[PDB]
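See below for the structure under consideration.
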Amino acid sequence: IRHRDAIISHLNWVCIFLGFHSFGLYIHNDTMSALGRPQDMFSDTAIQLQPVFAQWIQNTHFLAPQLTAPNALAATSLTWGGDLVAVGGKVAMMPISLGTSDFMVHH
Amino acid sequence: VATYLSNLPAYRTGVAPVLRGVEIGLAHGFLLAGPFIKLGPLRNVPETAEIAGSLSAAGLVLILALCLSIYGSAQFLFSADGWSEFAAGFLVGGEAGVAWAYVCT
Amino acid sequence: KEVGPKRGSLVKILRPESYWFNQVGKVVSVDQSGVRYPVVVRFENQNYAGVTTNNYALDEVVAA
Amino acid sequence: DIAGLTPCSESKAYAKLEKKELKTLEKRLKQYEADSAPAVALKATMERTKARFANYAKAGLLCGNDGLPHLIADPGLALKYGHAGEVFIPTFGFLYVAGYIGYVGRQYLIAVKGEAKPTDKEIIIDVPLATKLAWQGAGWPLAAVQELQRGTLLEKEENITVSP
Amino acid sequence: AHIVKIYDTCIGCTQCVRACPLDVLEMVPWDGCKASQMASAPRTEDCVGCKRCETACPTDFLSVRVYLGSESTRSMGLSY
Amino acid sequence: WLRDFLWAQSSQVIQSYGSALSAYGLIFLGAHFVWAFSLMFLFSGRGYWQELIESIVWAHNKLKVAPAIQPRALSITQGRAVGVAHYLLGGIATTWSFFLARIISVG
Amino acid sequence: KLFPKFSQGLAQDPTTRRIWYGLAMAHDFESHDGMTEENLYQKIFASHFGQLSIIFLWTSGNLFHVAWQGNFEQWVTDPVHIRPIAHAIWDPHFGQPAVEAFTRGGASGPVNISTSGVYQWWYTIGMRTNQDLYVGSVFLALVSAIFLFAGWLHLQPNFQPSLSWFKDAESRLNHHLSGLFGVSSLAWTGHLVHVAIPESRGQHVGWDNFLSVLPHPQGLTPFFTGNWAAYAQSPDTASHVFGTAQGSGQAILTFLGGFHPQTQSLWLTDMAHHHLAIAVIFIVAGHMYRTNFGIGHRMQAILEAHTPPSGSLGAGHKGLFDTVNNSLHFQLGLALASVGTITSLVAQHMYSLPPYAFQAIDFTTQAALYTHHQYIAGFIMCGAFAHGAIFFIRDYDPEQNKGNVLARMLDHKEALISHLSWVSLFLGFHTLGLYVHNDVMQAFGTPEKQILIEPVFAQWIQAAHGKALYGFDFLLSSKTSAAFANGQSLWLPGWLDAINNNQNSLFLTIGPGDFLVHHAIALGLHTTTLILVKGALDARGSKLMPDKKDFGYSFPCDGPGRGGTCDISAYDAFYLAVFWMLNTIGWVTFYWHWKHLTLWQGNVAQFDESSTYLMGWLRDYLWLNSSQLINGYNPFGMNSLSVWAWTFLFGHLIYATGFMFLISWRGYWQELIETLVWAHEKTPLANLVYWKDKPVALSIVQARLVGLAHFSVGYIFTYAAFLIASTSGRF
Amino acid sequence: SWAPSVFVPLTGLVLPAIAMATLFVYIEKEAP
Ligand code: CLA
Ligand code: CLA
Ligand code: CLA
Ligand code: CLA
Ligand code: CLA
Ligand SMILES: CC1=C(/C=C/C(C)=C/C=C/C(C)=C/C=C/C=C(C)/C=C/C=C(C)/C=C/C2=C(C)CCCC2(C)C)C(C)(C)CCC1
Ligand SMILES: CC1=C(/C=C/C(C)=C\C=C\C(C)=C\C=C\C=C(C)/C=C/C=C(C)/C=C/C2=C(C)CCCC2(C)C)C(C)(C)CCC1
Ligand SMILES: CC1=C(C/C=C(\C)CCC[C@H](C)CCC[C@H](C)CCCC(C)C)C(=O)c2ccccc2C1=O
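Listed in order, the protein sequences are those of chains A, B, C, D, E, F, G and H.
First residue of the first sequence? That's 431 in the authors' numbering, and the numbers climb one at a time after it.
Just so you know, the second sequence maps onto residues 127 to 202, 223 to 251 in the authors' numbering.
First residue of the third sequence? That's 79 in the authors' numbering, and the numbers climb one at a time after it.
First residue of the fourth sequence? That's 63 in the authors' numbering, and the numbers climb one at a time after it.
First residue of the fifth sequence? That's 2 in the authors' numbering, and the numbers climb one at a time after it.
First residue of the sixth sequence? That's 645 in the authors' numbering, and the numbers climb one at a time after it.
First residue of the seventh sequence? That's 4 in the authors' numbering, and the numbers climb one at a time after it.
First residue of the eighth sequence? That's 73 in the authors' numbering, and the numbers climb one at a time after it.
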């Protein structure tokens, strides 16, 4: 209670920062796609914002049956990597790639 | 930090606002030249990226230097003439810093 | 003598800025002094502030 | 044909739309065994559908170019051309029940104003008084015009105003 | 500053003064009611206009009455 | 997100009429109703509606049908509660009908 | 400390709402410090000169940008297969596909396709070259500068008018009927006869030869003789090519009705006879009044004698001239009511009776003009009631208005508001009930169970105007009646051949969707007047607040007491009516746009089957026609609709931002701004930078105005992007 | 032909920069 002003002021700052640097990326992509400038967008075929940390966590959880969980016959899910389980002609689960739009929506 | 804040020019009371504005200008010039020169609209040209990233940076320094004199005529270092000397020193120092960023390419 | 209505008579309010204008309440007491608003009327209709009683003058008061 | 229209028993878009609905129901019916429980309900839907088309064509409803029945909401074009059951008969079949409810609630309010505290019998409705006013409110237009002839339907300028 | 006027419909039950969060109001001797007292607004420079006084007035068509006027640094309720 | 998600995937809730999904076609309209209905409560304020209730309490006084429980407008924090409740209901049920009519059909 | 020079109380405000209210009550001249009534009238007179100069500068800018960056001379040669050009685009932020996408209309740089209709209006009044348009731009720039000089000089004390000069209502209503309306329309007929008629026949009449080219081959002899029918002998043929002399014709004042067969527009000859006839009638009505010459009529005598006895209107119209002349908000309210109704009249009669050549072939122009003047009319009609509410607080005097119509209006204000409440509640109950009924019938696969009430009452009016599609055969569609027979040579056959054409907008054929949406429009009109009339009549007081006139027009509330008084003011009842106004005009323009889209595509049955139920409005109009809109840009590329793809989202962004001022209210934000003040005043090296105005949150009334402003701007920008892209994408 | 390349930066970057300056200085003036 005696530093609620510091708490709410720094959270005000980080909300304004996240707002600009998350939604302004979408406004930037709108503007560049509307101005005939698709190379200047934020995408995979443009300025890339790769989620390096979540991709690294996907690699470690796909390689977890190798040496960090040696009694696992497979990974704990299929989202980390590998093949797809297909049941009845429909995909039960397959690996999930995380790209620039995944970065933008997580922020 | 009470020791570290006694170093940077905005708190050094015993130095002139002209040299204060000059050191602030050159210390922000090659900083703000960076986002225009590394990732601006004309990046993938190895002739014009370092030219446009410096010309837009010098224009932004000119905007900030006009905006300082606007603040000085608004508010009244803490005088009407000391902030004008601060604004002129920042104009000269910031354009010198943008030129120094174009030098160290 | 006792000026005003009696102790429990029904009455009609003529104060146009009141909540109970043209509306019938019971007199509960009339103050016998030089008070500007002696007639105390209690209503079943409560106002927006939740109050059922108000003082009124003698010209703002008419029986039935 | 009142206003560019046509009888639904005459128009072909109406019969084409009937055949369209029966075609959808038929291709839906073709998946099931003929005596199973979904097929009985699908054939009952077909029977209700065909009865609906027959009784809309029987009553003389007017179709348009779309093949859909229309409602002539004017007396003198409904009375003259036999369309009074479209709007002109239910515009009194409604208003009897509307003024019925508006009379029953009116009399329930007026018959509960003169009590000790009325509000307790508005959240906790006096059911024998309510059902007595429910049954005896059947002749409400009669009692409404007999109340209007007194002036006991309205209230005079004893009502509450602000600052005219 | 805001305009805080009171009127002679006051019954002197001193509820506006207890409701006042700024000590704008105070009770003055008077001879128009049974309580022999009427409110006053000597300190309308400190008024913010929050109208707690006329949430507490019992008289129909309130005896205290705040009129929102010009705003100083005290009428805006600023610690800054 | 407008084209390829809202416009493109609403193409099964909007033409769901005449099918088993048509209730999802109705609720998608109805929750578009309730949501917008909430904006009557969120944008407006009590001192309007209390005076409108005064002007119709006059009409119920004139025809001797004023109720003994006196009609009041909703409270301030009641009207805010009604507005946020109808807003949440109309948005979430819109997305409910959109999701289910999309994914029962194409999934 | 200085900026509200008009408000010394705002000048002492240390906060940041000093700026916001210096911008907002700057033109509320009556609340200024030291204001008298004479200085009031003088500032209003100078303000009207400023508005006139801005209107003329705006029109001259339209003319100059069309003459310079447009293709008007190219459009004259082919007004059907060439899009008009508003102005060129210089946007340095463009990429190369955006530069190549906005080059069309035969230009070289990027351009905008004008939808304001100005080429069709200028081409039919005689403009053919760009040099005709530069002269117009220079003339209107000179006239705008003259009005700026006039607004400067009539503020100077040798030229400042008296207090008594402005209250000459008699001379003003004389001169603005005779001179400003009659002589101006006579001069416009002089422009039509001398210039627009021969240029429509292909003869150049400019400023060099108008004293040498006769409009009529025997001119001014039939006018002085008496045989005026000589001015209508040979009209333009049905094979007339507009702008040329191929089957030209020689009449100047004809009376035909119907449309030109090429341009699908009104003939210029009977538009000339129109403006001449109403010029004569305005001159006759403008020599009615008694100013300074003994004959005529007086405004002081006609009003206070029209009083009906036996309690009909009370004391009638006794005492109005003391209150119409003295109040400006009453005059502004009547003026805004009249202008906002005749703006709806302009909108309704410029689509059905298009007055300009090759209008109603340019579909996007027609949609933009209709929607434009309908929203202009909606805002002006809600402001009529706004200033009518300002009248009752600031200007109304009950002791001056003892017993007249203006006091009887307040006397039974509860009856007015309760009957508007009944009509709105009935219309909304049954319109929404029939739409939800038709939606439930369409959902269950049973379209035949719909309530499809045929619009009998308006089909009867179309058949009485000569539409033989419904068979009511009453007056003009009956070949045997007297109103049919006594006009067969005068004005009827072109009008009858123009109604019965099913491809113009002249009395469109109507069905149950048009029943339902005209009752939606009646719901919107009655509810908007419910909110506005309730704000105007409760402006002086209510049972919740009997002294609302003591607080003025605009104020937040009266606090949390007495149950809570949010939005209690008359300003806050204008406020809630702007939402229902935008709703109503959105319904009329949704209905206009979709009935015309299905007309222009050909399939009016696609409207007639779908407009009966709200899902058909959602997916066959909103979902369907916003395909090429939202595909203005995509990851494949972009096209010329991308600027409407952006604005459609831009309008979606402003609209929602309005809700931030609408749902969130002030006091959350003041508590947030106090923590920001803490963070700024405790940050190292940002303590040096300090404000001059103390940061506060936006006030309550200001929060209303900002949320309403963003709501309206996002509403208009969304529907403008949708309307222009949805029409000009497929056409 | 050089007019849209000159008048548009002046009207949007230069003359509003005067208007962002001169109309702001007028706000906070101390009244004599
Ligand atoms: C689309 C609508 C919309 C938008 C843009 C905002 C915007 C915002 N809201 Mg908000 N709000 C909204 C609707 C919206 N609200 C509604 C409907 C409600 C109703 C309940 C609220 C309730 C609400 C509360 C209760 C709170 C907010 C907060 C915020 C702020 C957090 C975001 C931020 O700082 O990021 C930065 C800003 C943006 C992302 C906005 C867009 C800016 C773009 C990306 C770029 C800037 C433009 C660019 C410079 C060009 C300028 C042009 C020049 C001519 C000026 C921001 C001002 C919070 C706040 O202020 O604390 C942080 C907060 O506490 N809002
Ligand atoms: C005959 C003499 C005469 C004339 C021509 C005028 C003319 C005018 N006076 Mg004026 N005046 C006069 C005598 C005269 N006055 C006298 C004697 C007095 C003293 C008693 C005054 C006192 C006075 C005041 C106090 C004011 C004026 C104002 C005005 C202006 C009206 C503004 C406007 O746009 O309305 C004209 C409107 C139209 C032309 C459009 C409406 C016409 C029709 C009905 C609409 C539909 C057709 C439409 C034209 C089609 C458009 C198509 C296309 C053009 C788009 C106008 C310049 C006002 C003004 O602006 O101040 C300068 C004002 O405030 N006058
Ligand atoms: C002939 C037209 C006319 C005239 C002369 C007036 C004159 C007046 N009106 Mg009135 N009014 C009118 C039409 C008119 N009105 C209409 C049509 C409406 C309906 C919209 C209103 C609604 C209205 C209200 C509700 C009030 C007035 C008030 C006033 C008075 C003060 C003016 C003021 O506050 O200016 C200052 C005005 C502004 C600063 C306008 C704010 C900016 C608006 C919201 C436009 C924003 C749009 C934005 C710029 C779009 C940009 C998009 C972006 C993306 C680029 C003055 C007597 C006020 C009054 O008398 O106070 C008691 C008052 O409360 N009027
Ligand atoms: C979609 C949104 C929406 C809707 C439906 C309404 C509806 C209405 N407004 Mg509006 N309003 C809105 C948005 C909306 N408004 C917004 C955004 C604002 C700005 C704040 C306003 C401001 C406003 C004002 C200022 C006024 C209105 C008024 C009205 C009423 C007009 C009378 C009428 O049509 O009755 C028809 C009723 C309906 C259409 C809704 C009823 C829905 C069904 C029929 C009820 C029963 C359904 C079901 C059985 C309930 C089950 C619930 C539960 C058990 C599950 C009506 C209640 C006026 C009024 O009160 O008039 C008397 C009035 O004065 N409104
Ligand atoms: C008012 C209209 C307007 C105009 C004409 C421009 C013009 C421009 N903008 Mg832009 N901009 C504007 C409003 C405007 N802006 C607004 C309101 C925003 C905020 C929403 C932006 C945000 C914006 C961004 C984010 C970027 C631009 C960029 C650009 C440049 C495009 C690249 C190019 O072709 O130059 C090719 C030439 C160069 C890139 C060399 C640099 C040219 C500099 C900027 C000229 C400066 C003039 C002068 C030296 C300094 C100003 C002095 C002052 C007194 C006026 C161009 C100078 C881009 C850019 O590089 O500018 C920094 C860029 O990244 N704009
Ligand atoms: C608030 C207020 C105000 C305002 C008001 C208003 C806004 C109003 C409006 C009004 C209006 C808005 C009105 C309107 C009206 C209309 C009319 C009245 C119409 C008429 C028409 C007619 C009559 C027609 C006829 C015909 C037909 C039927 C068809 C054919 C032709 C003929 C012509 C025959 C003021 C300021 C005063 C103040 C007080 C209150
Ligand atoms: C019959 C009737 C009527 C009418 C009515 C109407 C008109 C209605 C409508 C309404 C509308 C117009 C709309 C509505 C809508 C609704 C809704 C929309 C509901 C909902 C509900 C719920 C319950 C939900 C739930 C959920 C979901 C589903 C999602 C999420 C989860 C939850 C659980 C939350 C009348 C008056 C004539 C008479 C009386 C009765
Ligand atoms: C419409 C509205 C009202 C008016 C809403 C009224 C007060 C309530 C609506 C009617 C309710 C649902 C009562 C009606 C039902 C009764 C229980 C009677 C039932 C009779 C039979 C159906 C049994 C507000 O009071 C309000 C307050 C604050 C902000 C916004 C608003 C607001 O938008």
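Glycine included, every Cβ here is placed at the ideal spot set by N, Cα and C.
message: Taking 7 Å as the limit between beta carbons, can you name the residues of its chain near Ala14 (chain G), skipping five residues before and five after?
response: Taking the seventh sequence and counting its residues from 1, the one referred to as residue 14 (chain G) is at position 11. Here the set comprises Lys4, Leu5, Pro7.
Continuous alpha helix (DSSP H) stretch holding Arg411 (chain G): start and end: Position 408 of the seventh sequence, counted from the start, is the residue given in the question as residue 411 (chain G). Counting along the chain, the alpha helix (DSSP H) containing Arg411 (chain G) begins and ends at 408-414.
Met28 (chain G) CB to nearest heavy atom of ligand 3 below 8 Å: The count along the seventh sequence starts at 1 and reaches residue 28 (chain G) at position 25. Under cutoff, so the answer is yes.
message: I need the straight-line Cα distance from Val287 (chain G) to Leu195 (chain G), nearest angstrom please.
response: Along the seventh sequence, read from residue 1 onward, the residue named residue 287 (chain G) stands at position 284. Along the seventh sequence, read from residue 1 onward, the residue named residue 195 (chain G) stands at position 192. Each residue's Cα considered, the two are about 22 Å apart.
message: Tell me the DSSP secondary structure of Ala717 (chain F) in three-state form.
response: Taking the first residue of the sixth sequence as position 1, residue 717 (chain F) is located at position 73. Residue state, collapsed to three classes: coil.
message: If I measure Cβ to Cβ from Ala745 (chain F) and keep anything under 8 Å in the same chain, skipping five residues before and after, which residues do I get?
response: On the sixth sequence, residue 745 (chain F) is found 101 positions in, with the first residue counted as 1. Around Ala745 (chain F): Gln656, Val657, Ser660, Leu665, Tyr668, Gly669, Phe672.
message: In whole angstroms, give me the CA-to-CA distance for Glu100 (chain H) and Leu323 (chain G).
response: Taking the eighth sequence and counting its residues from 1, one reaches residue 100 (chain H) at position 28. Taking the seventh sequence and counting its residues from 1, one reaches residue 323 (chain G) at position 320. In a straight line, the C-alpha of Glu100 (chain H) is about 46 Å away from that of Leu323 (chain G).
- prompt: What residue does the alpha helix (DSSP H) around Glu80 (chain D) start on, and which one ends it?
  reply: Walking along the fourth sequence from the start, residue 80 (chain D) turns up at place 18. Unbroken alpha helix (DSSP H) run through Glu80 (chain D): 74-91.
- prompt: Using a threshold of 8 Å, is the CB atom of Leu435 (chain G) nearer than that to any non-hydrogen atom of ligand 7?
  reply: Taking the seventh sequence and counting its residues from 1, the one referred to as residue 435 (chain G) is at position 432. It does: the Cβ of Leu435 (chain G) is within 8 Å (strictly closer) of some heavy atom of ligand 7.
- request: Quick one: list the residues of chain G neighbouring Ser225 (chain D), beta-carbon separation under 7 Å, in chain order.
  value: Here residue 225 (chain D) refers to the residue found at position 163 when the fourth sequence is read from its first residue. Residues of chain G passing the Cβ test: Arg543, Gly544, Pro549.
query: Taking the C-alpha atoms as reference points, what is the distance between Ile58 (chain G) and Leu348 (chain G)?
result: Residue mapping note: residue 58 (chain G) aligns to position 55 of the seventh sequence, counting from 1. Residue mapping note: residue 348 (chain G) aligns to position 345 of the seventh sequence, counting from 1. Near 21 Å, if we compare the C-alpha coordinates of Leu348 (chain G) and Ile58 (chain G).
message: Using a Cβ distance threshold of 8 Å, determine whether the stretch 611-618 of chain G contacts the stretch 576-586 of chain G, with at least three qualifying pairs required.
response: no
- request: With 9 Å as the C-beta to C-beta threshold (strictly closer), list the residues of the stretch 82-108 of chain C near chain D in chain order.
  value: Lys90, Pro94, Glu95, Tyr97, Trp98, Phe99, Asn100, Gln101, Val102
- prompt: Per DSSP, what kind of secondary structure is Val114 (chain G) in: helix, strand or coil?
  reply: Start at 1 with the first residue of the seventh sequence, and residue 114 (chain G) comes out as number 111. Three-state DSSP puts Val114 (chain G) in a strand.
- prompt: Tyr234 (chain G): beta carbon under 8 Å from a heavy atom of ligand 4?
  reply: Within the seventh sequence, residue 234 (chain G) is the residue found at index 231, counting from 1. Not so, every heavy atom of ligand 4 lies at least 8 Å from the Cβ.
- prompt: Going by DSSP, what residues sit across from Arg120 (chain C) in a beta bridge?
  reply: On the third sequence, residue 120 (chain C) is found 42 positions in, with the first residue counted as 1. Answer by DSSP bridge pairing, in chain order: C:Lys104, C:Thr131.
query: For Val106 (chain C) versus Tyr134 (chain C), is the C-beta spacing smaller than 9 Å?
result: By 1-based counting over the third sequence, the position of residue 106 (chain C) is 28. By 1-based counting over the third sequence, the position of residue 134 (chain C) is 56. Contact flag unset, no.
task: Could you tell me whether any Cβ in chain G is nearer than 9 Å to the Cβ of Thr461 (chain A)?
output: By 1-based counting over the first sequence, the position of residue 461 (chain A) is 31. Chain G, which has a Cβ nearer than 9 Å to the Cβ of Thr461 (chain A), makes this yes.
- prompt: Of the choices F:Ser749, F:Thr738, F:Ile748, whose alpha-carbon is the least far from that of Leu650 (chain F)?
  reply: Locating residue 650 (chain F) in the sixth sequence gives position 6, where the first residue counts as 1. Cα-wise, what sits closest to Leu650 (chain F) is F:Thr738.
- prompt: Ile186 (chain D) by DSSP, collapsed to three states: which one?
  reply: One-based indexing of the fourth sequence puts residue 186 (chain D) at position 124. Coil.
- prompt: Measuring CB to CB, does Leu632 (chain G) end up less than 9 Å from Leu644 (chain G)?
  reply: Walking along the seventh sequence from the start, residue 632 (chain G) turns up at place 629. Walking along the seventh sequence from the start, residue 644 (chain G) turns up at place 641. In contact: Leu632 (chain G) and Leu644 (chain G) (Cβ atoms closer than 9 Å).
Under 9 Å from the C-beta of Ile196 (chain B): neighbouring residues of chain H: Numbered from 1 along the second sequence, position 70 holds the residue referred to as residue 196 (chain B). The contacting residues are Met92, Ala93, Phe96, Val97.
message: Does the CB of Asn123 (chain C) have a neighbour CB from chain G at under 9 Å?
response: As a first step, residue 123 (chain C) must be located in the third sequence, where it is residue number 45. Not an interface residue.
Backbone CA spacing between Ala206 (chain D) and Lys175 (chain D) [nearest angstrom]: Here the question's residue 206 (chain D) lines up with position 144 in the fourth sequence. Here the question's residue 175 (chain D) lines up with position 113 in the fourth sequence. Their Cα atoms are separated by approximately 19 Å.
- prompt: With respect to the beta strand (DSSP E) encompassing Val67 (chain E), which residues constitute its N-terminal and C-terminal limits?
  reply: For the purposes of this step, residue 67 (chain E) is taken as the residue at position 66 of the fifth sequence. Element bounds for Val67 (chain E): 65-68.
task: Express the C-alpha separation of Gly727 (chain F) and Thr721 (chain F) in angstroms, rounding to a whole number.
output: As a working note, residue 721 (chain F) is residue 77 in the sixth sequence. As a working note, residue 727 (chain F) is residue 83 in the sixth sequence. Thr721 (chain F) and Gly727 (chain F) have their C-alpha atoms spaced approximately 10 Å apart.
- request: Find the nearest neighbour of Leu646 (chain F) within the set G:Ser629, G:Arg669, G:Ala104, G:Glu674, judged by alpha-carbon distance.
  value: For this step, residue 646 (chain F) is matched to residue 2 along the sixth sequence. Residue G:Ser629 is the option with its Cα nearest to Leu646 (chain F).
- prompt: Could you give the distance in angstroms between the alpha-carbon of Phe236 (chain B) and the alpha-carbon of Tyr197 (chain B)?
  reply: One-based indexing of the second sequence puts residue 236 (chain B) at position 90. One-based indexing of the second sequence puts residue 197 (chain B) at position 71. The alpha-carbon atoms of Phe236 (chain B) and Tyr197 (chain B) are separated by roughly 13 Å.
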